[PDB]
Structures are given as structure tokens and as C-alpha cells.
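Below, in C-alpha cells: the form deposited in one PDB entry, a single chain.
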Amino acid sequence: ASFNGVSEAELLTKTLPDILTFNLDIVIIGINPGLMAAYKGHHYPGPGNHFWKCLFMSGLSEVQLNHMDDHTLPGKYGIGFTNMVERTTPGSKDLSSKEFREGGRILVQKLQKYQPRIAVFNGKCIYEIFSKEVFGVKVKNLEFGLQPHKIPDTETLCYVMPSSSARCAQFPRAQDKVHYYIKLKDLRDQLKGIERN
């Protein structure tokens, strides 16, 4: 057993803390914590989750880091972490529409506070909700990548990637997502360039 004696009942109670400082370039917004993230106490520990593998392959990290290194990310790589929903659940379909919209009001508050250069939505499902709830925009055909709206009252961009979770069959391997991480690396460097003029 992956959860070494510790019950699923006990994991559902545990929350995953945010890694948020000011002056960040990137803020990874997950859907909500998973059983292993609530257990481990770190962001994306799932041996199957592609976050860390994609982070290295994209060149956003010098070496292959893991969930334990997540707290070193702001000072070294300019990366922070949060989730659309604080509550722990086994999957993303466990969460109600009210729960998600509660989370979006909370998220835009954390985002207006910390003002990162790029608010990275690790998942499309979560930016669909956030777009409608926050910008009043329900585009019929939503795309990945840089979105046309900024976080209200900020200069924070909204960039979307398929969930790093290995649950979506549409992007089955991590190699199938490294592209959105490479573009994310390019967007950052463009801003960390346009600012230096």
C-alpha cells in the first residue's frame, strides 16, 4: 500500500499548503490536491504525474527534481504553487460546481495579492470555470496557451496547459505536454526581456 498504513479517510482531511512569495514569474495552479499530495505534503508527487518530468524536459529546471524540491522552486526557479480547490479528493470529478467557484474567488484573491508574471493553469477544466466565473467569458472553443485576459487589476497573464495528471488519454505521455512547458519557458523569458528595456 502506497499510503503506508495511513487511511484514505485520514488523507481526505489533510490540505496541501501553498508555496507563494511575491515577485514570482510562474504560479502552478492545480485542480485540487490528490491523495498522495495530501499524504506527501508536496506538490505533484504522483509517480505517474508528468509535472516534474515535463519541468525538466522543458528546460524550466537544470536537473530532474521531484516533489520534495518544491519548496526550493521560488528562490531558485521563480515558481510557486496553489490549487483551484484546497479540499483533498481522489479525483477531479468528486468536486462540485459550487466548490470550484468558491475556489476561483479565493484564487483570484491570492493572485491579485502575489501578482506573479504568469498564472499557469495546470488543467483546462479549471480555466473553463475560472474564465466564466472571473472574466464573464465563455468561449465556445477554448485553447491551451496564453489567454487574452489578464488577472483583474494586475499584469498577470493566464496560460493554460493540459493537466500534468496522467489521467487524460488525449496527451498520454509527458512528451505530449513538454510543448506547453517549452512555450511557458519562452513566454517568461520574453517578459524577463521586454521588462529589461
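One rule holds for the numbers: they count along the sequence shown, beginning at 1. Under this definition, the rigid core comprises the largest set of C-alpha atoms superposing within 1.5 Å between the forms.
Check: Which of the two stretches, 7-15 or 20-28, shows the higher mean Cα temperature factor in the record?
Finding: Averaging CA B-factors over each stretch, the winner is 7-15.
Next item on the list: Compare the mean C-alpha B-factor of 92-100 with that of 114-122 as given in the PDB entry, and name the stretch with the higher value.
Entry: Looking at the record's C-alpha B-factors, the answer is 92-100.
Notebook entry, point to check: Among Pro162, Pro47, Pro33, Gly145, where is the Cα temperature factor highest, going by the PDB entry?
Noted result: It is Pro47.
Notebook entry, point to check: Taking the entry's C-alpha B-factors for this chain, is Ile151 in the lowest, middle or highest third?
Noted result: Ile151: CA B-factor falls in the highest third of its chain.
Margin query: When the deposited Cα B-factors of this chain's modelled residues are ordered and cut into thirds, is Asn66 in the lowest, the middle or the highest one?
Written below: Tercile = lowest for this residue's CA B-factor.
Notebook entry, point to check: Within this chain, which third does the Cα B-factor at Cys54 fall in: lowest, middle or highest?
Noted result: For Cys54, whose C-alpha B-factor we compare with every modelled residue in the chain, the answer is the lowest third.
Notebook entry, point to check: Going by the entry, which third of its chain does the Cα temperature factor of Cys168 land in?
Noted result: Answer is lowest: the recorded C-alpha B-factor places it there.
The form deposited in another entry is left out here; the points below concern that form.
Notebook entry, point to check: When the rigid core of both forms is overlaid, which of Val134, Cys158, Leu65, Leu60 is the one whose C-alpha moves 2 angstroms or more between this form and the one not shown?
Noted result: The residue that shifts is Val134.
Margin query: Once you overlay the rigid core, does the Cα of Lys93 travel 2 Å or further between this form and the one not shown?
Written below: Result for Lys93: yes, a 2 Å-plus shift.
Check: Once you compare with this form, do the C-alpha atoms of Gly91 and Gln64 lie closer or farther in the other form, given a change of 3 Å or more?
Finding: Relative to this form, farther apart in the other form.
Check: How does the C-alpha distance between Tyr127 and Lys93 change in the other form compared with the present structure, closer or farther, given a change of 3 angstroms or more?
Finding: Those two alpha carbons end up closer in the other form.
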